[PDB]
Every structure is written in structure tokens, then in C-alpha cells.
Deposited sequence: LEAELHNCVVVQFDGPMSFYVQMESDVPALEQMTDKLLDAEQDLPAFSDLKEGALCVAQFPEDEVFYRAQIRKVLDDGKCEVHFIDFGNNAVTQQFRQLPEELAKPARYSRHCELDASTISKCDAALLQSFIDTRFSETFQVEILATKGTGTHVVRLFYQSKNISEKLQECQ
């Protein structure tokens, strides 16, 4: 079975996040709810590795559910946007209502079986299609939540592109 998705982040065949076409509705709501309340959210100042909050995405100037990854200098923190998959450095953090923290992350961490692969060529191939639909076959869900899959692009297991 193949699931429609959008590869939003891609650091390699071992580490890349995607968004399932089915979590799109919920994510769309998360966005409305976080935009409808963005301005009234109190400042979140407990910056510690792992903490959940709502951080501002430099490109958008928009706040998204995020998880702090590292504490840098002068308020700056490397955050991870759980519903997307990309990272960023920002200084703008706000509290995350517990009702809007209950939902699961809407982007899924993935990887292809290293056992079947042996890279800058595929990287550009994926990024050149950031705005296009792919397909995943979830072969398993690793113990840490990371999916092990096979990536398709209009029916070509992109694995054909790996030597």
C-alpha cells in the first residue's frame, strides 16, 4: 500500500520527514487554531532541550508547534517544527496550550532500508520536487517512531536512483 505524501525535509535517505495526505486536514486545523490564538499566547521562557512550545518560523514570521533542540546564545534556540520536519533558529517562543499539545506530530520522520541502499544526486532530485506528491510504503515503525519505508515518485521507487 502506498500513501500520498509531501517530502518536506530531507537530510538523506536515512533521515527525512514527510506529511501524509491524510494528516493534512488536522494540520490545517492546527494552523487555524494557532493563528487564531497566536497573539494572546503568553511568552514561553523555559528554554531547555526537549521542551514543547510554539516557535516562530523565520520565513513565515508564523508560530508553529515546536520542540527545542539546543540552547544557543542570547535567547536563540535551535527548534524543530514537529508538524513539518524542518529546523530553525529563532528567539520568539510562546506557550503551547495543552489541548493543542495532545495531538500527535503531523510530520513523520523516515528512512529507507540501508540494507538496500549503497548522495547529492537524490538530494537535489527530491528538493526539486518539494511541491510534488510522493508515496511511501511504511515497512515498519522503528522503536523511536522513525518509519522505515520505500520512497516512490509517480511509481518509480526512487531507489532506482541509488548506486
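Several segments of the deposited sequence have no coordinates for C-alpha: 1-3, 122-124, 170-172, numbered from the first residue.
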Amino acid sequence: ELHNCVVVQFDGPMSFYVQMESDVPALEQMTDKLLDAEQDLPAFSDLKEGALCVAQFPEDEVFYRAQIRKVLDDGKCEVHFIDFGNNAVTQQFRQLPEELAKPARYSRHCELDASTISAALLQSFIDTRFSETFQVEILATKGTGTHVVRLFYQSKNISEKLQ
From here on, numbers count along this sequence of modelled residues.
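Higher average CA B factor: 37-45, of the stretches 37-45 and 59-67. Mean CA B-factor, 95-103 versus 119-127: the higher value falls on 119-127.
In the PDB entry, a CA B factor belonging to the highest third of its chain's modelled residues is recorded for residue 154. Per-chain ranking of the deposited C-alpha B factor places residue 136 in the middle third. Ranked by C-alpha B-factor against the other modelled residues of its chain, residue 83 falls in the lowest third. The PDB entry assigns residue 30 a C-alpha temperature factor belonging to the middle third of its chain's modelled residues.
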